[PDB]
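Per-entry structural report
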Amino acid sequence: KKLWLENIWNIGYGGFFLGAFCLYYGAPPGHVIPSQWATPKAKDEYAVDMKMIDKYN
Amino acid sequence: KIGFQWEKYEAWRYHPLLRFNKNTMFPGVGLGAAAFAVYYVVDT
Amino acid sequence: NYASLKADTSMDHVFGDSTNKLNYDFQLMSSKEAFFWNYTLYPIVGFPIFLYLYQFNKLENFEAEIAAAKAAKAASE
Amino acid sequence: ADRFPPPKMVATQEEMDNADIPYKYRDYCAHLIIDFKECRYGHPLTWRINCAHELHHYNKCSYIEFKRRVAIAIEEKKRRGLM
Amino acid sequence: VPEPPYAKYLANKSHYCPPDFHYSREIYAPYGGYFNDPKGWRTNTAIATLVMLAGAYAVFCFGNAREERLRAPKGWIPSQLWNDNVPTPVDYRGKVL
Amino acid sequence: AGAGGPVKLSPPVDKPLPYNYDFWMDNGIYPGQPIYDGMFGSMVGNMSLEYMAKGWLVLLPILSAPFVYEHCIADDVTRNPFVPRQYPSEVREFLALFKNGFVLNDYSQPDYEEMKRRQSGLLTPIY
Amino acid sequence: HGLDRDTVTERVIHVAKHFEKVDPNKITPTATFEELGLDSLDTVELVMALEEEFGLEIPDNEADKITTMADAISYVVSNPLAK
Amino acid sequence: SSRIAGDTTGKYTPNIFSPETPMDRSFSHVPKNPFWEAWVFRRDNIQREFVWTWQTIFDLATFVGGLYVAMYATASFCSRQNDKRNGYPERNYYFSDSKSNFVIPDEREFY
Amino acid sequence: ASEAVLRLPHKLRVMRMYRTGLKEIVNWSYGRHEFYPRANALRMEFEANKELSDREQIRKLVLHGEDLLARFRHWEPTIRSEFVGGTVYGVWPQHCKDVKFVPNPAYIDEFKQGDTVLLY
Amino acid sequence: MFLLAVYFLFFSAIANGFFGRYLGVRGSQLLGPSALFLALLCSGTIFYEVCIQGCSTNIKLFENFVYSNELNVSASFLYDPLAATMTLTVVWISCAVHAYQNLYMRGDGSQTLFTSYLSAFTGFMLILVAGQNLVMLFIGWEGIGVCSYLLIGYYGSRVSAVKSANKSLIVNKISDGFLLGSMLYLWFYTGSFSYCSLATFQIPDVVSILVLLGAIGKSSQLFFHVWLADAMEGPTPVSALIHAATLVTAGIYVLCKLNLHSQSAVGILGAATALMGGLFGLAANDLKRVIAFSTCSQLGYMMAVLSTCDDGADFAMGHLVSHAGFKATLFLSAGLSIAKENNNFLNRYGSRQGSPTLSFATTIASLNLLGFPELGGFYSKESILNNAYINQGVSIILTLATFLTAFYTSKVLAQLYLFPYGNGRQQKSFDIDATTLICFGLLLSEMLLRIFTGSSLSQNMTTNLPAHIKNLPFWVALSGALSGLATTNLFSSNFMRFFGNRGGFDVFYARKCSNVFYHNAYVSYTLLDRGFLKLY
Ligand SMILES: CCCCCCCCCCCCCCCCCC(=O)O[C@@H](COC(=O)CCCCCCCCCCCCCCC)COP(=O)(O)OCC[N+](C)(C)C
Ligand SMILES: CCCCCCCCCCCCCCCCCC(=O)O[C@@H](COC(=O)CCCCCCCCCCCCCCC)COP(=O)(O)OCC[N+](C)(C)C
Ligand SMILES: CCCCCCCCCCCCCCCCCCCC(=O)O[C@H](COC(=O)CCCCCCCCCCCCCC)COP(=O)(O)OCCN
Ligand SMILES: CCCCCCCCCCCCCCCCCCCC(=O)O[C@H](COC(=O)CCCCCCCCCCCCCC)COP(=O)(O)OCCN
Ligand SMILES: CCCCCCCCCCCC(=O)SCCNC(=O)CCNC(=O)[C@H](O)C(C)(C)COP(=O)(O)O
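Residues numbered from 1 in each chain as written, not as in the entry; some residues may be left out. Chains lettered and ligands numbered in written order. Part of a larger assembly, values for the part shown. Heavy atoms only, no water.

Method of determination for the deposited model, per the PDB record: cryo-EM, at 2.97 Å resolution.

1. Quick notes on the packing of aromatic side chains
By the definition in use, this model includes 74 aromatic pairs over all chains. Judged by centre distance (4.9 Å) and plane angle (65°), the rings of B:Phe4 and B:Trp6 are edge-to-face. Note on accessibility: B:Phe4 and B:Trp6 belong to one class, buried. Ring centres 5.2 Å apart and planes at 75° place the aromatic pair I:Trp28 and I:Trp75 in the edge-to-face group. Placement of the pair is I:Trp28 in helix 2 (residues 10-28) and I:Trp75 in the segment after helix 4 (55-71), with a sequence separation of 47 residues. Its end group placed over the ring of J:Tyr536, H:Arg48 keeps NZ or CZ at 4.0 Å from the ring centre. Note that I:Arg32 overlies the ring of I:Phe35, its terminal NZ or CZ placed 5.4 Å from the centroid. (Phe/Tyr/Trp six-rings, centres within 6.5 Å; stacked < 30°, edge-to-face > 60°. Buried < 20%, exposed > 50% of the residue type's maximum accessible area, 1.4 Å probe, protein only. Helix = DSSP H or I, 4+ residues; strand = E, 2+ residues; numbered from the N terminus. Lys NZ or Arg CZ within 6 Å of the ring centre and 35° of its normal.)

2. Brief notes about unusual backbone geometry
Leaving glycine out, the prevailing phi sign among residues is negative, and the prevailing peptide bond configuration is trans. We note that D:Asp20 has phi near 55°; this positive angle belongs to a residue other than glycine. Residue classification places D:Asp20 among the partly exposed positions, given a relative accessible area of 30%. Located in the positive-phi region is J:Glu374, a residue other than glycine, with phi close to 60°. Looking at the secondary structure, you find J:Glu374 in the loop between helix 15 (356-370) and helix 16 (376-387). In this structure J:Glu374 comes out as partly exposed when scored by relative accessible area, which is 49%.

3. Some points on the site of ligand 1
Taken together, 14 residues lie around ligand 1, and A:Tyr25, J:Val6, J:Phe10, J:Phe62 and J:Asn64 are the ones closest in. Site remark: ligand 1 is flanked by residues from chains A, E and J. If you list the elements that add at least two residues to the shell around ligand 1, you get helix 1 (4-26) of chain A together with helix 1 (4-18) and strand 1 (57-68) of chain J. With 5 residues, the single largest contributor to the shell around ligand 1 is strand 1 of chain J. (Near = heavy atom within 4 Å.)

4. Quick look at the pattern of salt bridges
What the rule picks out here adds up to 57 salt bridges over all chains. G:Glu57 is paired through a salt bridge with I:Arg80; the nearest N and O atoms lie 2.6 Å apart. Here G:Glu57 is found in the loop between helix 3 (40-54) and helix 4 (60-65), whereas its partner I:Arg80 is found in the segment after helix 4 on a different chain. Each member of the pair, G:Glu57 as well as I:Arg80, is classed as buried. Taken together, the shared-partner salt bridges in this structure form one network comprising G:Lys21, G:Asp39, G:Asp42, G:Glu45, I:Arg43, I:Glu47 and I:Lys50. (Salt bridge = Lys/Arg side-chain N within 4 Å of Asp/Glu carboxyl O.)

5. Focus on the arrangement of the chains
Over all C-alpha pairs, chain C and chain D never come within contact, reaching a minimum spacing of 33 Å. The least C-alpha distance between chain D and chain H, which are not in contact, is 36 Å. (Contact = heavy atoms within 4.5 Å.)

6. With respect to a nonpolar patch on the surface
All names here are of chain J. A cluster of nonpolar residues, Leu418, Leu472, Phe474, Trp475, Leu478, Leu482 and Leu485, forms a patch on the protein surface that exposes about 650 Å² of accessible area. Tallying contributions element by element places helix 20 (residues 472-485) first for the nonpolar patch, with 6 residues. Relative to the elements of secondary structure, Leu418 occurs in helix 17 (residues 392-418). (Patch = residues over 30% accessible without salt bridge, like charges linked within 9 Å, V, L, I, M, F, W, Y side chains within 5 Å. Areas by Shrake-Rupley, 256 points an atom, 1.4 Å probe, with all protein chains shown as cover.)

7. A few points about the interface of chain J and chain E
Think of interface size as the accessible area that goes away when the parts come together; that is how it is often given. Counting residues at the interface gives 43 residues for chain J, matched by 41 residues for chain E. Here chain J and chain E share an interface that buries about 3400 Å² over both sides, 65% of which is from carbon and sulfur atoms. When residues of chain J are sorted by the area they lose upon contact with chain E, J:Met1, J:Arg21 and J:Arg26 head the list and together hold 18% of the total. Linking chain J with chain E are 2 salt bridges. We note a salt bridge from J:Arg26 to E:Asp37, for which the minimum N-O separation is 3.6 Å. At the junction of chain J and chain E, the tally comes to 11 residue pairs in polar contact. Of all elements in the fold, only helix 1, helix 2 (20-52), strand 1 and helix 4 (111-130) of chain J reach the threshold of two or more residues within the side of chain J that touches chain E. It is helix 2 of chain J that contributes the most residues to the side of chain J that touches chain E, 16 residues altogether. (Buried area = accessible area lost by both parts, 1.4 Å probe. Polar contact = N/O pair within 3.5 Å; in protein donor to acceptor, adjacent residues only side chain to side chain.)

8. Some words on the site of ligand 4
By nearness alone, every residue bordering ligand 4 is listed as C:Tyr39, C:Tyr42, C:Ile49, C:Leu53, H:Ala61, H:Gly65, H:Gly66, H:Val69, H:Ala70, H:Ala73, H:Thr74 and H:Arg80. More than one chain reaches ligand 4: the nearby residues come from chains C and H. The separation between an oxygen atom of ligand 4 and a polar side-chain atom of H:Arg80 is 3.0 Å. Alone, ligand 4 offers 1100 Å² of accessible surface; in the complex the protein occludes 51% of this. Elements with a contribution of two residues or more to the shell around ligand 4: helix 2 (31-45) and helix 3 (47-76) of chain C together with helix 2 (54-86) of chain H. Top element by residues in the shell around ligand 4 is helix 2 of chain H. It accounts for 8 residues.

Put into structure tokens, the structure is as follows:
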């Protein structure tokens, strides 16, 4: 016979872990991890900086 | 000689099967030397 | 209730009696000895601290000597 | 040092880089170490027998360089007056 | 002492178990018991080997996708048979192969 | 037989325990041991700390004698009969940069003083 | 393994024969060492020989109490590690 | 003399009147020792044997105060070095008597 | 010499000294071949002074031999593996029976398992 | 392909240690060796691709393992020539040890858990060797440390084994703490944890000292060698892995990967550790202890050579790889001798009929240790001794260590085989299966291949030395071997006793350091929190 808590425990904790997974991966960039949003902008500033430093040399 | 005869009591340690065999320590050294001697003659 | 305080003497012939006891008094190091060893070991542990202090002192002394000489050269001239 | 001038360097930068010769091994014998290295790696297990000419040549060049180093040392020592 | 009723469910002493050695058979360990040798081991090992090969396949796929060789090998490497990102080999002199 | 060997069980405690009884490690087998062997009780080989110190006092000078000569008594010029390996200028300049390098001891070089000061570098980062 | 009395007796008797002074017919399964002619130093050597024969380590207090052929055999039979 | 209390099927009942002892959670409790219990009591209630003696004062001051002093001195040295490294003016620390009001560097300002 | 050795009577003390000396001969030897001459030498050493009757000289001999046997204690005693101080002593100790196992532990009053706060 | 080896070892660990109930003892005797064979095939491919054909590869598993503000590290594996060589050696030795454990551990209750720990141990060693950043190396360093703690203390009902494991854990904690400090210094002033950007031409002395202090832990050097001798409590397969490759080598590997060491310190510390280890091994009477002290001596040689020349790093790694094979062989053969004789003491060994393979493997491993000419150990040791001539101090000590090494090695060989039988007249036997023969075949194959393939590129390069100076290591080794066969006395009883007590480092720690530690704890607790600040 299954314990009283087994169903509730499995549903609640599985729901927590699944929700955490879906939020971490499903969410658009910059919603959960702020660095993900900055990556394209950093590439553009990197391009400008590279050109500028070359001119400086 | 007074005392226990330690060496007579332990005289079984000279058993043929409890002695040192050159072949066990150096199994194929003779074969290796014979092969080297043959090679020497060929190369020379 | 409580465990028995009676020992087992089944293996006393094979492994020896328990009559012999420890000679330790179960007391720790003397206070005088401890002060010496704490004030010896702890500086050894803090070796980086002394290296930093040494270098910093040398740097500050050099800088002060440089300033003093600069002042002297800037006074007459 | 001046009396015993360095030998000409046969190996160029491009060749030493192409043969992946570390900086430490670029010591006037780099061309020979390139030959030895290429032969040793070409024959992974048989280099000891096969690749013996290149090792000999490297060891000879190294010997000449060592003799130069000793000569330089003696000249410097005489200049300082110790011997 | 009369063995308890549950003792029928528990397994016997294995062949590898020394006859003198006594262990409690009721204790459960994930790594296995004192001397193991369960019935059906051959099937379990075959399943294990299959899971190992499947995971090796997945690991091989992942590695091949992530293995970045940025400098040409001196000579031919076995990776060329399976991975297409190997730079064309260049020898010590510099000649391309 | 590795498994199933007889063991002697440590007698149950039957007297008031000392305050620092935590220094004794007893798993229930008869030969209990101190937390650190040699902290108290029988010492291995009947050798005290004083004996070990006297030994180290006898040994230390003989062991240190080779090292003290070359490191302190000897000098760069006299340590070896040759100069450090000679390299082309481009290679040598780069190699001289390494503090833990072997080209910094070339007295013949006109940059010896700078190289020697580089070798005896900073004890700790200035910044 | 609980070694049987007969085997232990035969091997203790075998060991005791080695003393030169002892007469090969006086040593019986139940004989004191004094009657056999063994001194105190001899008894120590005999106990040590017993230690070699059965591959055990006798604690010194028990070894002191061994002074007759009977008690030795009993002690070995009692010991579970005797080989 | 013993019986299985637990029932997997769920039809568990405590036979409080059973002659035979139930194999409940209490079966596996470890037997205590009169001397070990008194040792535990003595160890916990060690404040009773505390006595103010010169040796106790010496030991406390030398290790606790000594460590605290060493730690404060090191932290003060590190703060002084950082101030010199950063180029900031000598900061007004709490116990330092400095005729300067500098505490937090201005982010806008270039030091 | 330890207290237990000292309490022993003269005869037992000399027997113990002989035993310990033989064991130390074994420990310091490199093979069984070395043991036999050394053991005969030890026997002769004890036999030489056995007939001494002067109590003072006997005490001097005993004390000196005890100091020698204390100094020459080996760092590594040669002990059989299965005995105390041996490598295989306690490796897999034989389990005693009468082990208290609680069957079906989670199914004993499953709903009410937990800690309670009792108040007055 | 490169990842596969680590996968196989971690799989074998998870399978044996989590699913051993299903697999069984026989299942672990299959899955372990099978996985290790597959890992050997992968390691061989890696070695050929990277070492022989100069093709380094970087595999980044995932990015942002740690992403707090500026600090950013990724789980990446770079297989460089050092990594390939060490991977190959480690996997070869582990495969042999796994084959060996099938018969040796049959008499042990948890053979599944033992095999699991051995495979996890090998996996963490491969993680340490192949890491591309300092964090991955730390992950491997700690994983081997934990696996050693779980393997030395395998016999829990022995107080000595648990104490030996605690000793290992504490010493390794002190060392990894110094390493963490050095890694923080290197990250702060270079901007990255990757070895490519880690390069610094001039480093402050503090970082060098911290690096050395971190390395001397795993590679048991002087003052930090206490745990190695004690680590003999564990089963023989553990000792072979730790001593031959997994643990002792890590310190050298770290020093060679990042050349931040100082010449003055490494040379003196190494030569001292070589001499002390040889002297300690002279006194030792346990077979397994003598081979541990031999390991200490060899580690001293490898540490010392770094000071001599630029090629010292190559010479050290070459000795490390040559040493792992013969040393593993010595431990496995010692274990089999102990198992067959039920004895750990050199006094009770003697000539007895046995297997030809085991006796030959022991002789050849001992010869490699001794320095017999035209052997892998000889070339790797002469490369060190010949190149150390420039440092007069290091050379003299290392030659003396060569003498002592030869003396104890010859004494051990004489005692185990030439000497007459020394054990009792009792029935003892250990029958060797074909798996053990395969294990010795693998070790002998490694030993043979090492002679043909070599250990360093500069191994046979000429050292411009007079003939008398070049061939002296041989004369010193021969003299020591001859003196060892004669079983002559070299030192007075006072020094023999001193060397048996290992210099009294542990007696110092117990009488002074441990007493101070527990007095600080007494002042901190009894006097203060539970005394002055506790209410009546
Ligand atoms: C009671 C237990 C019984 C069951 C046991 C379970 C067995 C578990 C198996 C162990 C897992 C080992 C795999 C370790 C890698 C972790 C997998 C992972 O994290 O997935 C990564 C994908 O990466 C991988 O898949 C790695 C490949 C795994 C297998 C490759 C080789 C296997 C050998 C193991 C060596 C791994 C060393 C790594 C050390 C850090 C996620 O990708 P990202 O999107 O980049 O995630 C962001 C990163 N971060 C987590 C930091 C937020
Ligand atoms: C990094 C990428 C992949 C990571 C894989 C890591 C390898 C496997 C990790 C499995 C889980 C990690 C920790 C497991 C739980 C820790 C407990 C344990 O390891 O052993 C348990 C029991 O072991 C288990 O049941 C589970 C072990 C399964 C696999 C363990 C492999 C080795 C652990 C790896 C170390 C973890 C690394 C943590 C730090 C890096 C206790 O063993 P003992 O104390 O020695 O007592 C056993 C009885 N006897 C006296 C007879 C020895
Ligand atoms: C090759 C590199 C060097 C490797 C190791 C070198 C170690 C050399 C240091 C020892 C040489 C100098 C020793 C100091 C002079 C002492 C002379 C006699 C000693 C003495 O009388 O008291 C001893 C103090 O312990 C002591 O002597 C402890 C002082 C040691 C200083 C700390 C150095 C670390 C030592 C680690 C290994 C040394 C092991 C042996 C010291 C024993 O004191 P007690 O316990 O009997 O007092 C009673 C308890 N109330
Ligand atoms: C009643 C309660 C107290 C009674 C007993 C107290 C006895 C303790 C007295 C000595 C304790 C340790 C000594 C530290 C203070 C020494 C004198 C303080 C004055 C001072 O700051 O001088 C600095 C000391 O060096 C330093 O910066 C610190 C050096 C010592 C720290 C390392 C020693 C042990 C390491 C263990 C770890 C502890 C620290 C961990 C971070 C160097 O002068 P300055 O150049 O700074 O000029 C600053 C202007 N005076
Ligand atoms: C590894 C180095 C080895 C260590 C060697 C150290 C050993 C020291 C050797 C010197 C010690 C002695 O001489 S200690 C000898 C002391 N001399 C005496 O006691 C004279 C009186 N003799 C008696 O009481 C009995 O004859 C008795 C002898 C008891 C026998 O009893 P039995 O009549 O029933 O056999």
